[PDB]
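> Residue numbers (the entry's author numbering), protein chains in the order written: chain G, 10 to 62; chain R, 29 to 241, 268 to 340; chain B, 4 to 128, 133 to 340; chain A, 13 to 61, 206 to 225, 230 to 259, 262 to 394. Virtual Cβ for every residue (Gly too), placed ideally from N, Cα, C. Structure incoming, see below.
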Ligand SMILES: CN[C@@H]1CCc2c(ccc(O)c2O)[C@H]1O
């Protein structure tokens, strides 16, 4: 029934391993710091480089 | 009485500043924000432009003439100033007439008003109402048709000092009618119809949900027509009167009523541009 | 019957305990020493006019120039942002629409709405390529996995993977309690997440067709979904005036974006390139730009007459444009 | 090169088409049919005649109606409609919805939710009381007391200003006026005059409901225009 389809789903969803939140936060910070050089919204763009202006 | 002259100049400058400030505020509110761009708001923009050009052109020159008791500029510039004055007054009053007609069609024909009025139609009617105003003002003044046969008037028309208005039966009557009397009757008829519709709607509401928990309409109509009739009716009445009878009235009262008609333009932005959207835009600009 | 209910509660308690144990230190502590991005000022470079009614959804093309916007007037308009001119105009059989998408190949345009059918239009040929049917509710959002298969977020609480050529649902994902209101695709086609009108937001795997993780941080409904650019995180929008970020590997929420000045919901959320600025379109008349790591309102986008209902950043991250309930689009930079 | 000219020509053609579409779209008025499934919305829709659309025109005015078919978040789509048509089974006081509450009470709850919705603040709702003959039969004959099902009926009295229909019994008039007054009290409690409610007593036999819809749409537009200019 519906109860089995949910109990089995919860059983199969809690078995996955979890990485520490510190590692995930460090990964996000590293990605942002590495790719911030290529962000055109974050940093002002030159008039020649800016296509909209 | 130099104190009286100083006070008159001060109040004239105050009126000039108030008219210019209010009109530029309204026009920049219309221009800057695309939300206010509405088919009915084009008429408001036209009225604001007419009042603004009047306040920038004829109010300062008229005040200078009143204070200095003479016309310092050239003879042709006097005719140009008179033409600008007539054009501005006629355009403003006809713009109020157009706004009243647009409102009438908005209430009396709720379904057809959506398609009857369009942006292109609004532009065409604004251009037409500006063109008809110019024909009654620039064409007679520039082609010397309003020129009278009075001895002293024709004597001073050559003189550089005389810039006072002088006209015969024909131009005075025609200009007064076209500028004020037709708009007056059109606006009073359409506002009577709108008031009848509002009263019918209020009666329907009372019959519908009156058991559970027309002052506003009367107050709004008084604020709309009152500020216009009280400011322009005396001037045109005395216009027709003194043209009919030479010694009926003096010139000082005529100038005073004309200046009341001038200062009427200050109340128009407050009388019409009072929507909550207008107030929000003004607060944003401030 | 009731015996199995206790097992589900025990499993939920165990999952919550494991998630709590995983949270050694919040993201705010780790990012404390990093420098703020400062105030970000943006201006409306180009305003796209031509729409007849309110716009709900928009999707940038594979390139950074082409757009597509859906409105209740019954017309999809494809714009050219570089010159602010319309390219194509497509009518619809149904007046009311809720979503639109642009194929990565740049040849197909998918549109949905209250009509449960999903319409795909051939830009390169504007006839209806296929009218996908089978959902029993409105289509909140549709996306292009490729030029041959799409995924939809139906109102029947079931997101289903479609096949354009076959015209039938290849796989149907079920489990959400409420109606699904948002959907986003990961940089890879393997995974995608969908936010429903219930508190929970679920992660789905296309290869297996079974949900892998479920996040229930929010208290109100979900309205916007967007992955982090790398694909290891995603942020959600809610009607409770709170935007929250979740980490897939950590399986728990990291930070929440909220302010006492805002008591209105969020209608659209997208991530800027490099994942540093979180652009969220709020239910009020303006838009607030959030710092992804510091939860600081770096910039505010204002100038929309009505509620902002769409928001999207280009693939190359060149610019962002918002689709509001006013009939005008606005491209910011 | 010629790409700019081609794009300009495409823009000109699309702009002309969109101007024509805007004219025809502003020419017509939309309507939403939101009523209970047991209230006989289908028969009323047929009487005027995923989502069902109905097009009908009166006095060269094109009315366009949509019938849908839970917490509903599709309501936010209809934030700009001329009116919302609500059909309620006036005879459903006795019947209880399957799995139990009074059907009329469920309709009242739905009306309260719709009226107080944030997105529907400015939209007036047109109220249709369907199946009046069944209500008249139930009130005139049968062992069913309105007071037992609805406690407020015992204190309620027929208003003096109320005008009963020609050749109508007093008990049925009191019952129908109480049913109408429940909705009207739900409506008039909230709102600042932006949107109103227009109750109507209709039956399947009646064939003048389209004229009523036309008149009510005209009144709604007139009220909106009057309140916009601050004369109402
Ligand atoms: C110089 N003052 C003029 C004289 C006559 C006149 C005015 C305004 C509108 C008209 O239609 C007129 O005929 C006045 O402003």
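Using 9 Å as the threshold, is the C-beta distance between residue 240 of chain R and residue 121 of chain R below it?
Position 212 of the second chain, counted from the first residue, corresponds to residue 240 of chain R. Position 93 of the second chain, counted from the first residue, corresponds to residue 121 of chain R. Against a cut-off of 9 Å, the Cβ pair of residue 121 of chain R and residue 240 of chain R comes out as no contact.
> On the CB-based measure, 16 or more other CB atoms within 10 Å of its CB, does residue 62 of chain B come out buried or exposed?
Within the third chain, numbered from 1, the residue matching residue 62 of chain B stands at position 59. Classification for residue 62 of chain B: buried.
> Can you have a look at residue 55 of chain A and say buried or exposed, based on whether 16 or more other CB atoms are within 10 angstroms of its CB?
Residue 55 of chain A sits at position 43 when you count from the first residue of the fourth chain. Exposed: under 16 other Cβ atoms inside 10 Å.
> Assess, as a yes-or-no matter, whether the stretch 319 to 336 of chain R is touched by the stretch 60 to 76 of chain R under the definition of 3 or more beta carbon pairs within less than 8 Å.
Touching, yes, given that three or more Cβ pairs across the two stretches are closer than 8 Å.
> Can you list the residues of chain R that residue 391 of chain A reaches, using a CB-CB cut of under 7 Å?
Within the fourth chain, the letter at position 229 stands for residue 391 of chain A. In chain order: 131.
> If you measure from the beta carbon of residue 236 of chain B to each beta carbon in chain G, is any gap under 9 Å?
On the third chain, residue 236 of chain B is found 229 positions in, with the first residue counted as 1. It does; some Cβ of chain G falls within 9 Å.
> If I follow the unbroken beta strand (DSSP E) through residue 180 of chain B, where does it start and stop?
For the purposes of this step, residue 180 of chain B is taken as residue 173 along the third chain, with counting starting at 1. Taken as a continuous stretch (DSSP letters only), the beta strand (DSSP E) holding residue 180 of chain B covers 176 to 181.
> CA-CA distance, residue 226 of chain R and residue 129 of chain R?
By 1-based counting over the second chain, the position of residue 226 of chain R is 198. By 1-based counting over the second chain, the position of residue 129 of chain R is 101. Rounded to the nearest angstrom, the two C-alpha atoms are 16 Å apart.
> Can you find the residues in the same chain that come closer than 7 Å, C-beta to C-beta, to residue 262 of chain A, ignoring five residues on each side of it along the sequence?
By 1-based counting over the fourth chain, the position of residue 262 of chain A is 100. So no residue of the chain qualifies.
> Determine whether the Cβ of residue 260 of chain A lies closer than 9 Å to any Cβ atom of chain R.
Missing here is residue 260 of chain A: after 259, the next number in chain A is 262.
> State whether the stretch 206 to 220 of chain A contacts the stretch 358 to 376 of chain A, with contact taken as three or more CB pairs (one from each stretch) at a distance under 8 Å.
Yes: at least three Cβ pairs fall under 8 Å.
> Does DSSP classify residue 259 of chain R as helix, strand or coil?
Between 241 and 268, chain R has no modelled residues, which means residue 259 of chain R does not appear in the coordinates.
> Run through the DSSP bridge pairs and tell me what residue 286 of chain B is partnered with.
Here residue 286 of chain B is taken as the residue at index 279 of the third chain, counted from 1. The partner list for residue 286 of chain B (beta bridge, DSSP) reads B:277 and B:296.
> Would you mind reading off the limits of the alpha helix (DSSP H) that contains residue 159 of chain B?
Within the third chain, residue 159 of chain B is the residue found at index 152, counting from 1. Not the alpha helix (DSSP H): residue 159 of chain B falls in the beta strand (DSSP E), residues 157 to 161.
> Around ligand 1, what residues have a beta-carbon under 5 Å from a heavy atom of it, in chain order?
Output, sorted by chain position: R:113, R:114, R:117, R:193, R:203 and R:207.
> For a quick check, are the C-beta atoms of residue 30 of chain B and residue 300 of chain B less than 9 Å apart?
On the third chain, position 27 is the one that residue 30 of chain B refers to. On the third chain, position 293 is the one that residue 300 of chain B refers to. Cβ distance < 9 Å, so residue 30 of chain B and residue 300 of chain B count as in contact.
> Hey, residue 173 of chain B and residue 167 of chain B are a contact pair by Cβ (cut 8 Å); roughly how many whole angstroms apart?
As a first step, residue 173 of chain B is located in the third chain; it is residue number 166 there, counting from the start. As a first step, residue 167 of chain B is located in the third chain; it is residue number 160 there, counting from the start. That pair is no contact at about 13 Å.
> Quick one: is residue 62 of chain R near chain B, going by C-beta distance under 9 Å?
Start at 1 with the first residue of the second chain, and residue 62 of chain R comes out as number 34. With 9 Å as the cut-off, residue 62 of chain R counts as an interface residue toward chain B.
> Which runs of the alpha helix (DSSP H) at least 4 residues long sit entirely within the stretch 322 to 363 of chain A? Give them in chain order.
Fully enclosed alpha helix (DSSP H) runs of 4 or longer: 332 to 350.
> Is there a Cβ from chain A that is less than 9 Å from the Cβ of residue 130 of chain B?
No coordinates exist for residue 130 of chain B in the structure shown, because the numbering of chain B passes directly from 128 to 133.
> Decide yes or no for the touch test of the stretch 184 to 193 of chain B against the stretch 145 to 156 of chain B: beta carbon pairs closer than 8 Å, at least 3 of them.
Yes, since at least three Cβ pairs between the stretch 184 to 193 of chain B and the stretch 145 to 156 of chain B fall closer than 8 Å, the two stretches touch.
> How is residue 269 of chain R classed by DSSP in three states: helix, strand or coil?
One-based indexing of the second chain puts residue 269 of chain R at position 215. Here residue 269 of chain R sits in helix by DSSP.
> Checking 9 Å against the spacing of the C-beta atoms, do residue 250 of chain A and residue 307 of chain A come in under that value?
The residue given as residue 250 of chain A occupies position 90 in the fourth chain. The residue given as residue 307 of chain A occupies position 145 in the fourth chain. No, the pair does not count as a contact, with Cβ atoms beyond the cut-off.
> Taking the C-alpha atoms as reference points, what is the distance between residue 50 of chain B and residue 235 of chain A?
Taking the first residue of the third chain as position 1, residue 50 of chain B is located at position 47. Taking the first residue of the fourth chain as position 1, residue 235 of chain A is located at position 75. In a straight line, the C-alpha of residue 50 of chain B is about 28 Å away from that of residue 235 of chain A.
> Decide if the stretch 277 to 297 of chain B is in contact with the stretch 230 to 241 of chain B; the criterion is three or more beta carbon pairs, one per stretch, under 8 Å apart.
With a cut-off of 8 Å, the stretch 230 to 241 of chain B and the stretch 277 to 297 of chain B count as touching, because enough Cβ pairs lie within range.
> To the nearest angstrom, how far is the alpha carbon of residue 320 of chain B from that of residue 255 of chain B?
Locating residue 320 of chain B in the third chain gives position 313, where the first residue counts as 1. Locating residue 255 of chain B in the third chain gives position 248, where the first residue counts as 1. Distance between the alpha carbons of residue 320 of chain B and residue 255 of chain B: 22 Å.
> Among the residues of its own chain, which have a CB less than 6 Å from the CB of residue 145 of chain R, if the five just before and after it don't count?
Here residue 145 of chain R is taken as the residue at index 117 of the second chain, counted from 1. For residue 145 of chain R, where only same-chain residues beyond five positions count, the Cβ hits under 6 Å are 67.
> Quick check on DSSP: helix, strand or coil for residue 41 of chain A?
Looking up residue 41 of chain A in the fourth chain gives position 29. The answer is strand: DSSP assigns residue 41 of chain A an E or B state.
> Just checking my contact of residue 58 of chain B with residue 331 of chain B at CB under 8 Å: how many whole Å lie between their CB atoms?
Counting from one through the third chain, the residue named residue 58 of chain B turns up at place 55. Counting from one through the third chain, the residue named residue 331 of chain B turns up at place 324. Sure, about 7 Å apart at Cβ, within 8 Å.
> Comparing C-alpha positions only, which one of B:289, B:260, B:104 and B:94 sits nearest to residue 32 of chain A?
Counted from its first residue, the fourth chain places residue 32 of chain A at position 20. Residue B:94 is the option with its Cα nearest to residue 32 of chain A.
> Between residue 37 of chain A and residue 76 of chain B, what straight-line distance do the alpha-carbon atoms span, to the nearest angstrom?
Against the fourth chain, residue 37 of chain A aligns to sequence position 25. Against the third chain, residue 76 of chain B aligns to sequence position 73. Distance between the alpha carbons of residue 37 of chain A and residue 76 of chain B is about 8 Å.
> Please list the partners that residue 61 of chain B has in chain G, where partner means a Cβ-to-Cβ separation under 7 Å.
On the third chain, residue 61 of chain B is found 58 positions in, with the first residue counted as 1. Ordered by position in chain G, no residue passes the 7 Å Cβ test against residue 61 of chain B, which lies about 16 Å from the chain.
> Closer than 7 Å, Cβ to Cβ, to anything on chain G: give me those residues from the stretch 274 to 298 of chain B, in chain order.
Listed in sequence order: 279, 280, 281, 282, 283 and 284.
> Give me the chain A residues within the contact set of residue 222 of chain R, using Cβ-Cβ distance strictly less than 9 Å, ordered along the chain.
Residue numbering aside, residue 222 of chain R sits at position 194 when the second chain is read from its first letter. The answer, in chain order, is 388, 391 and 393.
> Say whether chain B places a C-beta atom closer than 9 Å to the C-beta of residue 230 of chain A.
Reading the fourth chain from its first residue, position 70 is the one you call residue 230 of chain A. At least one chain B Cβ lies under 9 Å of residue 230 of chain A.
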